[PDB]
$ cat coords.txt   # compact mmCIF, C-alpha atoms and all ligand atoms
# COMPACT_ATOMS: atom_id res chain seq x y z
CA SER A 1 0.00 0.00 0.00
CA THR A 2 2.78 2.41 -0.92
CA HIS A 3 2.31 5.03 -3.61
CA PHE A 4 5.29 7.00 -4.92
CA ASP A 5 5.67 10.30 -6.77
CA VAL A 6 7.83 8.65 -9.43
CA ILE A 7 8.84 5.07 -10.20
CA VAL A 8 12.01 4.31 -12.15
CA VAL A 9 12.13 0.89 -13.81
CA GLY A 10 15.74 -0.01 -14.55
CA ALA A 11 18.14 1.65 -12.13
CA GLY A 12 21.26 1.51 -14.27
CA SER A 13 23.30 4.23 -15.98
CA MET A 14 20.26 6.35 -16.82
CA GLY A 15 17.79 5.27 -14.15
CA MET A 16 20.05 5.71 -11.12
CA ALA A 17 21.13 9.13 -12.36
CA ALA A 18 17.44 10.04 -12.65
CA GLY A 19 16.71 8.70 -9.18
CA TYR A 20 19.48 10.86 -7.75
CA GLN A 21 18.11 13.99 -9.46
CA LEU A 22 14.58 13.25 -8.25
CA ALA A 23 15.63 12.37 -4.71
CA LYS A 24 17.70 15.54 -4.43
CA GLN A 25 14.49 17.51 -5.04
CA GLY A 26 12.51 15.75 -2.32
CA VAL A 27 10.51 13.72 -4.84
CA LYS A 28 9.28 10.42 -3.34
CA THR A 29 11.01 8.00 -5.70
CA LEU A 30 11.09 4.23 -6.08
CA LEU A 31 13.85 2.61 -8.14
CA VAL A 32 13.32 -0.99 -9.25
CA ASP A 33 16.02 -3.17 -10.80
CA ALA A 34 16.22 -6.78 -11.96
CA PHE A 35 19.58 -6.99 -10.20
CA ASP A 36 21.60 -4.87 -7.77
CA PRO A 37 23.25 -1.86 -9.55
CA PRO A 38 26.03 -1.56 -10.34
CA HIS A 39 26.23 -5.11 -11.69
CA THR A 40 27.69 -7.08 -14.59
CA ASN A 41 24.51 -8.15 -16.42
CA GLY A 42 23.79 -4.85 -18.14
CA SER A 43 25.60 -2.20 -20.16
CA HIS A 44 27.57 -0.34 -17.48
CA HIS A 45 30.34 -2.62 -16.23
CA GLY A 46 33.87 -3.00 -17.54
CA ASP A 47 34.98 -0.47 -14.92
CA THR A 48 35.64 2.42 -17.31
CA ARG A 49 33.90 4.61 -19.88
CA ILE A 50 35.15 7.40 -22.16
CA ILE A 51 33.65 10.89 -22.16
CA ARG A 52 34.46 13.17 -25.12
CA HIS A 53 33.10 16.63 -25.91
CA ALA A 54 33.74 17.09 -29.65
CA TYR A 55 30.65 15.04 -30.46
CA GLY A 56 30.19 14.99 -34.22
CA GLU A 57 27.07 12.79 -34.01
CA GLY A 58 24.98 15.95 -33.73
CA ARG A 59 25.28 19.46 -32.32
CA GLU A 60 22.69 18.76 -29.59
CA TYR A 61 25.13 16.19 -28.19
CA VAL A 62 27.81 18.79 -27.36
CA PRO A 63 25.84 20.84 -24.78
CA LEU A 64 24.66 17.60 -23.17
CA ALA A 65 28.24 16.34 -23.01
CA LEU A 66 29.46 19.57 -21.40
CA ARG A 67 26.61 19.59 -18.90
CA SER A 68 27.31 15.94 -18.11
CA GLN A 69 31.00 16.72 -17.55
CA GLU A 70 30.05 19.40 -15.03
CA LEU A 71 27.66 16.97 -13.30
CA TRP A 72 30.42 14.33 -13.14
CA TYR A 73 32.72 16.86 -11.46
CA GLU A 74 29.92 17.54 -8.98
CA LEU A 75 29.54 13.83 -8.25
CA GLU A 76 33.28 13.61 -7.62
CA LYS A 77 32.92 16.23 -4.88
CA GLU A 78 29.88 14.54 -3.34
CA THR A 79 31.16 10.98 -2.90
CA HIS A 80 34.26 9.16 -1.65
CA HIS A 81 34.16 6.93 -4.74
CA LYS A 82 36.52 7.83 -7.60
CA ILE A 83 34.52 9.27 -10.48
CA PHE A 84 36.73 10.85 -13.15
CA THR A 85 40.34 11.04 -14.35
CA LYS A 86 41.38 13.51 -17.04
CA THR A 87 43.34 11.22 -19.36
CA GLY A 88 42.32 13.28 -22.36
CA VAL A 89 40.87 11.54 -25.42
CA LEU A 90 42.77 10.85 -28.64
CA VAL A 91 40.91 10.34 -31.93
CA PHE A 92 42.86 9.34 -35.03
CA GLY A 93 42.49 7.73 -38.43
CA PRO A 94 43.59 7.80 -42.09
CA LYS A 95 43.66 11.37 -43.41
CA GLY A 96 40.55 12.08 -45.46
CA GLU A 97 39.29 8.52 -45.00
CA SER A 98 37.46 8.77 -41.67
CA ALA A 99 34.02 10.32 -41.23
CA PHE A 100 34.47 9.88 -37.48
CA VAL A 101 37.68 11.93 -37.32
CA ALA A 102 36.43 14.65 -39.70
CA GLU A 103 33.19 14.88 -37.72
CA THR A 104 35.08 15.18 -34.45
CA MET A 105 37.30 17.94 -35.85
CA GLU A 106 34.28 19.81 -37.21
CA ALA A 107 32.46 19.56 -33.88
CA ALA A 108 35.55 20.89 -32.09
CA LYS A 109 35.74 23.92 -34.38
CA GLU A 110 32.02 24.67 -34.31
CA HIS A 111 31.95 24.70 -30.51
CA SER A 112 35.31 26.32 -29.82
CA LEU A 113 36.57 23.28 -27.96
CA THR A 114 40.21 23.18 -26.87
CA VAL A 115 41.96 20.48 -28.88
CA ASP A 116 45.33 19.60 -30.38
CA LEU A 117 45.67 18.68 -34.05
CA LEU A 118 48.57 16.49 -35.12
CA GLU A 119 49.45 13.92 -37.76
CA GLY A 120 51.81 11.17 -38.76
CA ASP A 121 55.03 10.91 -36.81
CA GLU A 122 53.89 13.68 -34.43
CA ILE A 123 51.39 11.22 -32.97
CA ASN A 124 54.02 8.52 -32.51
CA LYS A 125 56.44 11.03 -30.97
CA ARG A 126 54.02 12.61 -28.51
CA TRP A 127 52.74 9.26 -27.26
CA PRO A 128 55.36 6.51 -27.26
CA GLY A 129 53.48 3.22 -27.57
CA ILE A 130 51.33 4.37 -30.49
CA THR A 131 52.43 3.44 -34.00
CA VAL A 132 50.33 4.83 -36.83
CA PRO A 133 51.24 5.23 -40.51
CA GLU A 134 52.45 8.65 -41.65
CA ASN A 135 49.18 9.24 -43.52
CA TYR A 136 47.20 9.24 -40.26
CA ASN A 137 46.00 12.42 -38.59
CA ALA A 138 44.50 13.05 -35.17
CA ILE A 139 42.62 15.36 -32.86
CA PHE A 140 43.32 15.29 -29.13
CA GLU A 141 40.92 16.51 -26.43
CA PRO A 142 43.01 17.20 -23.31
CA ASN A 143 40.02 18.00 -21.09
CA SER A 144 38.02 14.85 -21.84
CA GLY A 145 38.71 11.66 -19.95
CA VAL A 146 37.64 8.50 -18.22
CA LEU A 147 34.69 7.81 -15.95
CA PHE A 148 34.58 4.92 -13.51
CA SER A 149 31.07 3.89 -14.52
CA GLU A 150 30.35 1.39 -11.74
CA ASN A 151 31.42 3.98 -9.14
CA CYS A 152 29.12 6.58 -10.75
CA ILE A 153 26.05 4.37 -10.40
CA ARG A 154 27.11 3.23 -6.93
CA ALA A 155 27.64 6.84 -5.81
CA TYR A 156 24.33 8.00 -7.28
CA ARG A 157 22.56 5.14 -5.52
CA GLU A 158 24.12 5.77 -2.13
CA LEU A 159 23.32 9.47 -2.44
CA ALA A 160 19.77 8.86 -3.66
CA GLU A 161 18.99 6.34 -0.92
CA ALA A 162 20.41 8.62 1.76
CA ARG A 163 17.89 11.21 0.60
CA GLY A 164 14.90 8.90 0.84
CA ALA A 165 14.81 7.11 -2.51
CA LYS A 166 13.81 3.46 -2.16
CA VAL A 167 15.71 0.86 -4.19
CA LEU A 168 14.08 -2.51 -4.83
CA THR A 169 16.74 -4.95 -6.06
CA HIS A 170 16.54 -8.33 -7.79
CA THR A 171 13.01 -7.51 -8.91
CA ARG A 172 12.20 -7.81 -12.60
CA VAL A 173 9.25 -5.71 -13.77
CA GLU A 174 7.05 -7.81 -16.05
CA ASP A 175 4.18 -5.55 -17.05
CA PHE A 176 2.82 -2.01 -16.86
CA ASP A 177 -0.65 -0.62 -16.18
CA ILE A 178 -0.89 2.99 -17.36
CA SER A 179 -3.85 5.29 -16.73
CA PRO A 180 -4.41 8.99 -17.50
CA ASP A 181 -3.47 10.02 -13.95
CA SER A 182 -1.31 7.19 -12.57
CA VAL A 183 1.14 4.42 -13.38
CA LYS A 184 1.48 0.92 -11.91
CA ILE A 185 4.14 -1.77 -12.35
CA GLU A 186 3.90 -5.52 -11.78
CA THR A 187 6.73 -7.66 -10.35
CA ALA A 188 7.14 -11.04 -8.65
CA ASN A 189 7.75 -9.03 -5.48
CA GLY A 190 4.53 -7.04 -5.81
CA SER A 191 2.80 -4.14 -7.56
CA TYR A 192 3.52 -0.42 -7.07
CA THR A 193 1.82 2.80 -8.17
CA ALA A 194 2.94 6.38 -8.77
CA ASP A 195 2.08 9.59 -10.62
CA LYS A 196 4.93 9.24 -13.11
CA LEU A 197 7.02 6.46 -14.63
CA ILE A 198 10.53 6.39 -16.08
CA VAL A 199 11.46 3.40 -18.23
CA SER A 200 15.18 2.73 -18.68
CA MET A 201 15.74 -1.02 -18.88
CA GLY A 202 18.71 -0.93 -21.25
CA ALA A 203 19.04 -4.03 -23.44
CA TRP A 204 15.72 -5.24 -22.06
CA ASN A 205 13.91 -2.24 -23.57
CA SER A 206 14.02 -4.20 -26.85
CA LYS A 207 11.84 -6.87 -25.22
CA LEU A 208 9.59 -5.05 -22.77
CA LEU A 209 8.60 -1.78 -24.44
CA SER A 210 6.01 -3.87 -26.27
CA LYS A 211 4.25 -4.07 -22.90
CA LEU A 212 3.77 -0.32 -23.34
CA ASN A 213 2.16 -0.69 -26.77
CA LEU A 214 5.41 0.44 -28.40
CA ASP A 215 6.98 -1.19 -31.44
CA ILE A 216 10.48 0.22 -31.81
CA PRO A 217 13.34 -1.52 -33.61
CA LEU A 218 16.02 -2.03 -30.95
CA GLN A 219 18.87 -4.49 -31.44
CA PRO A 220 21.04 -5.65 -28.51
CA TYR A 221 24.69 -6.44 -29.31
CA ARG A 222 27.27 -8.47 -27.41
CA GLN A 223 30.33 -6.24 -26.95
CA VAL A 224 33.48 -7.47 -25.24
CA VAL A 225 36.52 -5.64 -23.90
CA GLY A 226 39.88 -6.98 -22.80
CA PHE A 227 42.66 -5.88 -20.42
CA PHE A 228 46.19 -6.66 -21.64
CA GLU A 229 49.53 -6.64 -19.84
CA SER A 230 51.35 -3.64 -21.32
CA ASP A 231 54.58 -1.66 -21.21
CA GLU A 232 53.74 0.58 -18.25
CA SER A 233 56.45 3.09 -19.19
CA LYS A 234 54.28 3.80 -22.22
CA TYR A 235 50.62 2.93 -21.63
CA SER A 236 50.13 3.98 -18.00
CA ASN A 237 47.78 6.82 -17.14
CA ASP A 238 50.69 7.95 -14.97
CA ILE A 239 52.75 8.69 -18.07
CA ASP A 240 49.75 10.38 -19.70
CA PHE A 241 48.78 7.72 -22.21
CA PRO A 242 45.32 8.90 -23.33
CA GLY A 243 41.94 7.26 -23.63
CA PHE A 244 41.07 6.79 -27.29
CA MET A 245 38.49 6.04 -29.96
CA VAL A 246 39.79 5.62 -33.48
CA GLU A 247 38.72 4.57 -36.96
CA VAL A 248 40.90 2.29 -39.07
CA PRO A 249 40.08 0.47 -42.34
CA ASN A 250 38.26 -2.35 -40.55
CA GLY A 251 36.26 -0.36 -38.02
CA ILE A 252 36.25 1.73 -34.86
CA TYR A 253 38.13 0.77 -31.69
CA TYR A 254 38.29 2.42 -28.26
CA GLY A 255 40.70 2.08 -25.37
CA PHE A 256 41.90 3.20 -21.98
CA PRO A 257 45.36 3.66 -20.48
CA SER A 258 46.51 1.21 -17.79
CA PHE A 259 45.37 2.39 -14.35
CA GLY A 260 47.54 1.24 -11.46
CA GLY A 261 49.05 -1.38 -13.73
CA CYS A 262 45.68 -2.96 -14.57
CA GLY A 263 46.72 -3.08 -18.22
CA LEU A 264 45.52 -1.26 -21.32
CA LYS A 265 41.85 -1.94 -22.03
CA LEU A 266 40.54 -2.26 -25.58
CA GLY A 267 37.21 -2.75 -27.31
CA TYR A 268 35.99 -3.21 -30.91
CA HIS A 269 33.10 -0.76 -31.39
CA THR A 270 31.68 -1.40 -34.87
CA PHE A 271 31.23 -5.16 -34.53
CA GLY A 272 29.31 -7.29 -32.05
CA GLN A 273 27.12 -10.41 -32.03
CA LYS A 274 23.38 -9.79 -32.22
CA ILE A 275 21.92 -11.25 -29.04
CA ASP A 276 19.04 -11.30 -26.57
CA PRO A 277 19.78 -9.98 -23.05
CA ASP A 278 18.32 -13.13 -21.51
CA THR A 279 20.37 -15.66 -23.51
CA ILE A 280 23.63 -13.83 -24.21
CA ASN A 281 26.81 -15.73 -23.26
CA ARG A 282 28.71 -13.47 -20.85
CA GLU A 283 31.93 -15.45 -20.83
CA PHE A 284 34.85 -13.76 -22.56
CA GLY A 285 36.62 -15.93 -25.11
CA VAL A 286 33.87 -18.32 -26.24
CA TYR A 287 34.05 -16.68 -29.67
CA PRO A 288 37.46 -16.57 -31.34
CA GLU A 289 36.72 -12.96 -32.34
CA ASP A 290 36.58 -11.83 -28.69
CA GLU A 291 40.36 -11.86 -28.31
CA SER A 292 41.59 -12.04 -31.92
CA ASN A 293 39.81 -8.84 -33.06
CA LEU A 294 41.47 -6.93 -30.23
CA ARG A 295 44.99 -8.30 -30.73
CA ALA A 296 44.79 -7.60 -34.47
CA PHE A 297 44.45 -3.91 -33.63
CA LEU A 298 47.12 -3.89 -30.91
CA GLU A 299 49.90 -5.61 -32.87
CA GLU A 300 49.48 -3.00 -35.60
CA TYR A 301 48.85 0.23 -33.66
CA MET A 302 49.95 -0.34 -30.05
CA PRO A 303 52.32 -3.37 -30.10
CA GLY A 304 53.65 -2.68 -26.61
CA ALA A 305 50.16 -3.31 -25.20
CA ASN A 306 49.68 -6.69 -26.90
CA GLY A 307 50.64 -8.68 -23.80
CA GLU A 308 48.95 -11.43 -21.79
CA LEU A 309 45.18 -11.14 -21.37
CA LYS A 310 44.61 -10.11 -17.75
CA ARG A 311 40.83 -9.72 -17.75
CA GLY A 312 37.81 -9.79 -20.01
CA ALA A 313 34.22 -8.55 -19.80
CA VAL A 314 31.07 -9.10 -21.84
CA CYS A 315 28.67 -6.18 -22.06
CA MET A 316 25.81 -4.94 -24.30
CA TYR A 317 24.91 -2.13 -26.72
CA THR A 318 21.27 -1.43 -27.63
CA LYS A 319 21.07 0.15 -31.09
CA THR A 320 18.34 2.16 -32.76
CA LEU A 321 18.32 2.33 -36.58
CA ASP A 322 19.97 5.77 -36.71
CA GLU A 323 22.11 5.14 -33.62
CA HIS A 324 20.70 8.18 -31.83
CA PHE A 325 19.12 7.85 -28.38
CA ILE A 326 15.45 7.76 -27.45
CA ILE A 327 14.61 10.28 -24.73
CA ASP A 328 11.00 11.41 -24.82
CA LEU A 329 7.56 11.02 -23.30
CA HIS A 330 5.51 7.99 -24.29
CA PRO A 331 3.44 9.24 -27.26
CA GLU A 332 0.19 8.05 -25.63
CA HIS A 333 1.09 8.81 -22.00
CA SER A 334 2.59 12.09 -20.85
CA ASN A 335 3.15 10.49 -17.44
CA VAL A 336 5.59 7.94 -18.87
CA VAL A 337 9.17 8.77 -19.84
CA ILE A 338 11.32 6.55 -22.06
CA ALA A 339 15.13 6.32 -22.13
CA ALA A 340 16.37 3.71 -24.60
CA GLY A 341 18.61 2.81 -27.53
CA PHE A 342 21.79 4.52 -26.38
CA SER A 343 23.50 2.60 -29.18
CA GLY A 344 26.88 2.07 -27.53
CA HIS A 345 27.71 5.67 -26.64
CA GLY A 346 25.40 6.79 -23.87
CA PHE A 347 27.23 6.44 -20.57
CA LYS A 348 29.13 9.73 -20.79
CA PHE A 349 25.71 11.42 -21.04
CA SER A 350 24.06 9.45 -18.21
CA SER A 351 24.50 12.24 -15.65
CA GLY A 352 22.94 14.75 -18.04
CA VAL A 353 20.23 12.31 -19.10
CA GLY A 354 19.28 11.70 -15.48
CA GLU A 355 18.64 15.42 -15.23
CA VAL A 356 16.60 15.41 -18.44
CA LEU A 357 14.54 12.42 -17.29
CA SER A 358 13.88 14.10 -13.95
CA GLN A 359 12.57 17.20 -15.71
CA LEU A 360 10.42 15.24 -18.16
CA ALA A 361 8.89 13.17 -15.35
CA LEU A 362 8.10 16.19 -13.17
CA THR A 363 7.18 18.82 -15.78
CA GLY A 364 6.68 16.99 -19.06
CA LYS A 365 9.39 19.26 -20.47
CA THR A 366 13.15 19.77 -20.26
CA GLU A 367 15.50 22.74 -20.61
CA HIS A 368 17.83 20.64 -22.78
CA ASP A 369 17.37 20.35 -26.55
CA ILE A 370 16.38 16.72 -27.08
CA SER A 371 14.79 17.02 -30.53
CA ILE A 372 17.08 14.49 -32.22
CA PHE A 373 16.13 11.89 -29.59
CA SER A 374 12.42 12.16 -30.38
CA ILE A 375 10.46 8.93 -30.19
CA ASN A 376 8.41 10.15 -33.18
CA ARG A 377 11.30 10.70 -35.59
CA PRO A 378 11.00 8.91 -38.99
CA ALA A 379 14.43 7.21 -39.02
CA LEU A 380 13.51 5.39 -35.81
CA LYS A 381 10.67 3.50 -37.50
CA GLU A 382 8.66 3.62 -34.29
CA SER A 383 4.96 2.78 -34.21
CA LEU A 384 2.05 1.80 -31.98
CA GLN A 385 0.81 -1.79 -31.85
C1 LIG A 401 28.81 -2.16 -23.08
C2 LIG A 401 29.67 -1.17 -23.38
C3 LIG A 401 29.06 0.03 -23.45
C4 LIG A 401 29.80 1.25 -23.68
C5 LIG A 401 31.28 1.18 -23.81
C6 LIG A 401 31.93 -0.19 -23.75
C7 LIG A 401 31.17 -1.36 -23.54
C8 LIG A 401 31.88 -2.72 -23.47
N1 LIG A 401 32.07 2.35 -23.99
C9 LIG A 401 33.25 2.21 -24.90
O1 LIG A 401 34.41 2.39 -24.04
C10 LIG A 401 33.04 3.32 -26.01
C11 LIG A 401 31.55 3.74 -25.81
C12 LIG A 401 31.39 3.60 -24.22
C13 LIG A 401 32.17 4.84 -23.51
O2 LIG A 401 33.29 4.68 -23.06
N2 LIG A 401 31.47 6.05 -23.53
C14 LIG A 401 30.10 6.27 -23.66
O3 LIG A 401 29.55 7.33 -23.63
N3 LIG A 401 29.37 5.06 -23.76
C15 LIG A 401 29.98 3.83 -23.83
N4 LIG A 401 29.18 2.60 -23.75
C16 LIG A 401 27.65 2.74 -23.69
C17 LIG A 401 27.04 2.97 -22.37
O4 LIG A 401 27.67 2.08 -21.35
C18 LIG A 401 25.56 2.57 -22.57
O5 LIG A 401 24.95 3.37 -23.57
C19 LIG A 401 24.77 2.80 -21.11
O6 LIG A 401 25.36 2.11 -20.07
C20 LIG A 401 23.34 2.53 -21.38
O7 LIG A 401 22.62 2.78 -20.06
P1 LIG A 401 21.22 2.19 -19.66
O8 LIG A 401 20.83 2.74 -18.33
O9 LIG A 401 20.33 2.14 -20.79
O10 LIG A 401 21.58 0.56 -19.49
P2 LIG A 401 22.10 -0.15 -18.11
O11 LIG A 401 22.34 -1.57 -18.55
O12 LIG A 401 23.14 0.66 -17.50
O13 LIG A 401 20.83 -0.12 -17.20
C21 LIG A 401 19.58 -0.83 -17.45
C22 LIG A 401 19.16 -1.41 -16.18
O14 LIG A 401 17.82 -1.83 -16.20
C23 LIG A 401 17.62 -3.05 -15.57
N5 LIG A 401 16.50 -3.84 -15.99
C24 LIG A 401 16.40 -4.56 -17.17
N6 LIG A 401 15.27 -5.19 -17.30
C25 LIG A 401 14.58 -4.87 -16.18
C26 LIG A 401 13.24 -5.20 -15.67
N7 LIG A 401 12.42 -6.00 -16.39
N8 LIG A 401 12.81 -4.69 -14.44
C27 LIG A 401 13.64 -3.86 -13.69
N9 LIG A 401 14.95 -3.49 -14.10
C28 LIG A 401 15.33 -4.03 -15.35
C29 LIG A 401 19.03 -3.75 -15.50
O15 LIG A 401 19.27 -4.68 -14.44
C30 LIG A 401 19.99 -2.58 -15.64
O16 LIG A 401 20.53 -2.24 -14.36
CL CL A 402 36.90 -9.89 -38.16
CL CL A 403 23.98 1.13 -25.31
$ encode --input "coords.txt" --output "structure tokens" --more "lines below"
Ligand SMILES: *Cc1cc2c(cc1C)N1[C@H](O)CC[C@]13C(O)NC(=O)N[C@H]3N2C[C@H](O)[C@H](O)[C@H](O)COP(=O)(O)OP(=O)(O)OC[C@H]1O[C@@H](n2cnc3c(N)ncnc32)[C@H](O)[C@@H]1O
Ligand SMILES: [Cl-]
Ligand SMILES: [Cl-]
Amino acid sequence: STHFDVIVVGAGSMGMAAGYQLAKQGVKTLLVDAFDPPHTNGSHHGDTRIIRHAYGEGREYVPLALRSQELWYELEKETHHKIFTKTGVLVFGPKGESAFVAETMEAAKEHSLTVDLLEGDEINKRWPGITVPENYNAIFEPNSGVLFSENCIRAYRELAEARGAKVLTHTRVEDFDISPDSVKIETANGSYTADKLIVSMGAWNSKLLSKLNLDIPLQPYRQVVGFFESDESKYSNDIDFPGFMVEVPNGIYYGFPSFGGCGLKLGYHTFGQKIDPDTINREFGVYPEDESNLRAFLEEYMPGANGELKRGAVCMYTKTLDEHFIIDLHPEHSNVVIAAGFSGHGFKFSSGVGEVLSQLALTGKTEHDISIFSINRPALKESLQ
């Protein structure tokens, strides 16, 4: 017999951030999660996440990235958990052959972002450990960096709970009952009601949004990352080796410097197995591509980091057709907010998104420009059942 002002289903990257924003405003909030965030069954583990500002995916992304960066700095000051390290972010690729690099450079110029432009041997000289052909160019963002994603969610949860937010763990929501003036969720642990609902189930959005009369193409992908023993005199954060996201002939790869000798971490961004969040195999190495795809990149571009595999993780991306997020009110219910399809690049924005979700839930509007994330946009191919 407990009503809430707002109920958040899926207390992960986006949901926990939202819960923190709501709780900080004295809003009676209930956060429900299938597991106990942060955990390793969703899209937020792997310890680290990159945050860049020269977002060429769309201008709207820049302001959100900068607001998120400020929010991350605020979180750092509010918790004892480590939140962010300014490793800087390096983006490189073949000159004139990378839409990603060109887009990044354009975004930097258009928003007057502080960056360094270098090419060929200059890259190899500035960062020993990196070996790119002379026809490669790059753009470096010194003020971007690395977020400790699990710590972010953990910190937001501890802060939210301390302010009154209730967190119901290991409880999978199975259905929704929406009315013009209230929302109700159904779980094996019971039913709950509220005035507003926020839906942010990550990979599971592709399976449960249908329970909200929504038919939106969402494809979950199995994405692995690996930690490799590396030459610490070159790849350590201590010697300023940067975080990175680059485009080479066979795709986009991202990486992180070795922290406290944990080893350089690498991931293959443009490829992943299409899976279902309930049947995905979370063991690293069951597919030969898991490790081989990573080493193929390292031996060519960062040979000193192609050492023994120290650790592996299996995580998920949830892609929309245009790879842009979905942040909007349910088209048939203004009291329901949807956060889905972050397509492999949403964590850096989670702090900002939590703020947006909080505003949408409480006012039906947000001060941020979220037009490109509309649930009604054509390229999404969204429809009602
Ligand atoms: C997986 C992965 C993602 C990202 C990155 C690497 C990997 C291996 N990096 C790379 O380094 C480059 C891109 C990225 C990075 O560094 N910078 C970014 O900005 N993003 C990067 N990645 C993407 C983000 O991690 C994802 O976009 C983000 O985490 C998505 O957040 P969202 O909140 O949607 O998903 P979560 O999985 O965090 O949370 C969902 C939660 O919901 C719960 N759940 C599910 N079903 C439920 C039911 N039925 N009832 C109640 N709760 C439910 C889950 O348990 C989960 O906690
Ligand atoms: Cl391949
Ligand atoms: Cl994602």
$ residues_around --input "coords.txt" --residues "residue 79 of chain A" --least-positions-apart "6" --cutoff "12 Å" --atoms "only C-alpha atoms" --output "number ranges by chain"
A: 72-73, 151-160, 162
$ residues_around --input "coords.txt" --residues "segment 142-149 of chain A" --least-positions-apart "2" --cutoff "7 Å" --atoms "all atoms listed in the file" --output "mmCIF file with C-alpha atoms, in the frame of the given file"
data_model
loop_
_atom_site.group_PDB
_atom_site.id
_atom_site.type_symbol
_atom_site.label_atom_id
_atom_site.label_comp_id
_atom_site.auth_asym_id
_atom_site.auth_seq_id
_atom_site.Cartn_x
_atom_site.Cartn_y
_atom_site.Cartn_z
ATOM 1 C CA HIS A 44 27.570 -0.340 -17.480
ATOM 2 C CA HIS A 45 30.340 -2.620 -16.230
ATOM 3 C CA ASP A 47 34.980 -0.470 -14.920
ATOM 4 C CA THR A 48 35.640 2.420 -17.310
ATOM 5 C CA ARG A 49 33.900 4.610 -19.880
ATOM 6 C CA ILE A 50 35.150 7.400 -22.160
ATOM 7 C CA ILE A 51 33.650 10.890 -22.160
ATOM 8 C CA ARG A 52 34.460 13.170 -25.120
ATOM 9 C CA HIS A 53 33.100 16.630 -25.910
ATOM 10 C CA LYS A 82 36.520 7.830 -7.600
ATOM 11 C CA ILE A 83 34.520 9.270 -10.480
ATOM 12 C CA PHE A 84 36.730 10.850 -13.150
ATOM 13 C CA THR A 85 40.340 11.040 -14.350
ATOM 14 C CA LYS A 86 41.380 13.510 -17.040
ATOM 15 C CA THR A 87 43.340 11.220 -19.360
ATOM 16 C CA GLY A 88 42.320 13.280 -22.360
ATOM 17 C CA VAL A 89 40.870 11.540 -25.420
ATOM 18 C CA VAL A 115 41.960 20.480 -28.880
ATOM 19 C CA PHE A 140 43.320 15.290 -29.130
ATOM 20 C CA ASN A 151 31.420 3.980 -9.140
ATOM 21 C CA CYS A 152 29.120 6.580 -10.750
ATOM 22 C CA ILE A 153 26.050 4.370 -10.400
ATOM 23 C CA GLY A 243 41.940 7.260 -23.630
#
$ residues_near_ligand --input "coords.txt" --ligand "ligand CL 403 (chain A)" --cutoff "8 Å" --atoms "all atoms listed in the file" --output "number ranges by chain"
A: 43, 202-203, 316-319, 341-347
$ residues_near_ligand --input "coords.txt" --ligand "ligand CL 402 (chain A)" --cutoff "10 Å" --atoms "all atoms listed in the file" --output "mmCIF file with C-alpha atoms, keeping the file's coordinate frame"
data_model
loop_
_atom_site.group_PDB
_atom_site.id
_atom_site.type_symbol
_atom_site.label_atom_id
_atom_site.label_comp_id
_atom_site.auth_asym_id
_atom_site.auth_seq_id
_atom_site.Cartn_x
_atom_site.Cartn_y
_atom_site.Cartn_z
ATOM 1 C CA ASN A 250 38.260 -2.350 -40.550
ATOM 2 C CA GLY A 251 36.260 -0.360 -38.020
ATOM 3 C CA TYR A 268 35.990 -3.210 -30.910
ATOM 4 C CA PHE A 271 31.230 -5.160 -34.530
ATOM 5 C CA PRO A 288 37.460 -16.570 -31.340
ATOM 6 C CA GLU A 289 36.720 -12.960 -32.340
ATOM 7 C CA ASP A 290 36.580 -11.830 -28.690
ATOM 8 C CA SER A 292 41.590 -12.040 -31.920
ATOM 9 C CA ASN A 293 39.810 -8.840 -33.060
ATOM 10 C CA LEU A 294 41.470 -6.930 -30.230
ATOM 11 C CA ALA A 296 44.790 -7.600 -34.470
#
$ atom_distance --input "coords.txt" --atom1 "atom CA of residue 139 of chain A" --atom2 "atom CA of residue 256 of chain A"
16.3 Å
$ residues_around --input "coords.txt" --residues "residue 264 of chain A" --least-positions-apart "4" --cutoff "9 Å" --atoms "only C-alpha atoms" --output "list in words"
residues 226, 227, 228, 229, 230, 232, 235, 236, 255, 256, 257, 258, 259, 305 and 306 of chain A
$ closest_residue --input "coords.txt" --among "A:112, A:101, A:360, A:215" --to "residue 57 of chain A" --atoms "only C-alpha atoms"
A:101
$ residues_near_point --input "coords.txt" --point "(21.1, 5.8, -33.8)" --cutoff "9 Å" --atoms "all atoms listed in the file" --output "JSON, numbers by chain"
{"A": [319, 320, 321, 322, 323, 324, 325, 326, 341, 342, 343, 373, 379, 380]}
$ residues_around --input "coords.txt" --residues "residue 137 of chain A" --least-positions-apart "4" --cutoff "8 Å" --atoms "only C-alpha atoms" --output "list in words"
residues 92, 93, 94, 95, 117, 118, 119, 120 and 123 of chain A
$ atom_distance --input "coords.txt" --atom1 "atom CA of residue 100 of chain A" --atom2 "atom CA of residue 274 of chain A"
23.2 Å
$ residues_around --input "coords.txt" --residues "residue 206 of chain A" --least-positions-apart "6" --cutoff "8 Å" --atoms "all atoms listed in the file" --output "VMD selection string"
chain A and resid 216 to 220 318
$ atom_distance --input "coords.txt" --atom1 "atom CA of residue 182 of chain A" --atom2 "atom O10 of ligand LIG 401 (chain A)"
24.8 Å
$ residues_near_point --input "coords.txt" --point "(26.2, -12.3, -18.9)" --cutoff "10 Å" --atoms "all atoms listed in the file" --output "ChimeraX atom specification"
/A:40-42,222,277-284,313-316
